[PDB]
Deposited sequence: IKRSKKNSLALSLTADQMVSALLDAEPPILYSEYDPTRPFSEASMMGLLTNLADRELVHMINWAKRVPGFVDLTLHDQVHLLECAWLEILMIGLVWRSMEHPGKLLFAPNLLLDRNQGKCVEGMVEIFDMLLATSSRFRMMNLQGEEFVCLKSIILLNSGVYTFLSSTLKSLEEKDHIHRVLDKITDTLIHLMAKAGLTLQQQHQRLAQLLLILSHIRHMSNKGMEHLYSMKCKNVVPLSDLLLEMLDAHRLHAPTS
């Protein structure tokens, strides 16, 4: 059958929590005032190493390995910047007004003006972090939201008659993660009305996270033509998947 549809709510939380990739470090040197092109190199180098952990994290997500290789490639190509962004927003939650790209790389809004076009995307990331802070987002809810982004950001972008069965199994996992979130909120002493409201508030942020990824993805393609960022072979194949 499948290993995801058999997991319970608490076992779902355990698996996702156990699957969490580590928080990588950056080669940032505070003694060197990094310019726009150098600050881009740090984020490109960091995101390149994060993709490798994300790819192996997606394997640990329940149900993801129960899909074809072409489906796995599709979902990640569509959601990689979304998953990076929501991870960044999560790490920055207790650093108001700053984005914790790495434990040694904490950036300010003014430092985002360094790179041209980054200001608007920095402000959206900051506001998303502000939203998680107001909601007091729990880690068990974050890991659910992150694996939802993985299965949802490419499920309507496939489809033939044979591949239609794969679409239905993804929603069965999606519905399972939705039960898990509700299980979490009920455990935290929330009424039914409160659980439905918070469940909606979380999934609406995913609309904004998609907006940031899209606007961000559009910005990444321009710099490839601008040729200001250093080298990154996997990010080029990921960026061209949206082109």
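Missing C-alpha coordinates mark the following deposited-sequence intervals, in order: 1 to 6, 165 to 166, 252 to 257.
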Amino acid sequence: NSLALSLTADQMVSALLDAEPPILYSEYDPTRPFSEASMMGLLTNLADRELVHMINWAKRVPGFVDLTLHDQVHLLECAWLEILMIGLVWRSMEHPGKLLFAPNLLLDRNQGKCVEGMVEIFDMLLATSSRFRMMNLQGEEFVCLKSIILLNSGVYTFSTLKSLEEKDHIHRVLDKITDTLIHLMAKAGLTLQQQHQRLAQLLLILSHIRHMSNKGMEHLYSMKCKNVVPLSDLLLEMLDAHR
From here on, numbers count along this sequence of modelled residues.
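The term rigid core refers to the most C-alpha atoms you can superpose between the two forms while keeping them within 1.5 Å.
Remark: when the other structures in 8 other deposited structures of this protein are fitted onto this one via the rigid core, 231 to 239 deviates more than the alternative among 7 to 15 and 231 to 239, judged by RMS CA distance. Modelled in this chain, residue 163 is nonetheless absent from a third or more of the other compared entries whose models extend past it on both sides. In at least a third of the other compared PDB entries of this protein that cover both flanking sides, residue 30 is left without coordinates.
In this entry, 221 to 229 has the higher mean Cα B-factor, the comparison being between 221 to 229 and 16 to 24. Stretches 79 to 87 and 96 to 104 differ in mean CA B factor, with 96 to 104 having the higher one. Within the listed group 132, 158, 142, 122, the record reports its top CA B-factor for 158. Comparing C-alpha B-factors across 114, 150, 127, 137 in the deposited entry, the largest value falls on 114. The deposited CA B-factor of residue 167 belongs to the highest third of values across its chain. In the PDB entry, a CA B factor belonging to the highest third of its chain's modelled residues is recorded for residue 34. Residue-level temperature factors show residue 190 in the highest third of its chain, judged at the C-alpha atom. When the CA B factors of the chain's modelled residues are split into thirds, the value for residue 109 lands in the highest one. Residue-level temperature factors show residue 44 in the middle third of its chain, judged at the C-alpha atom.
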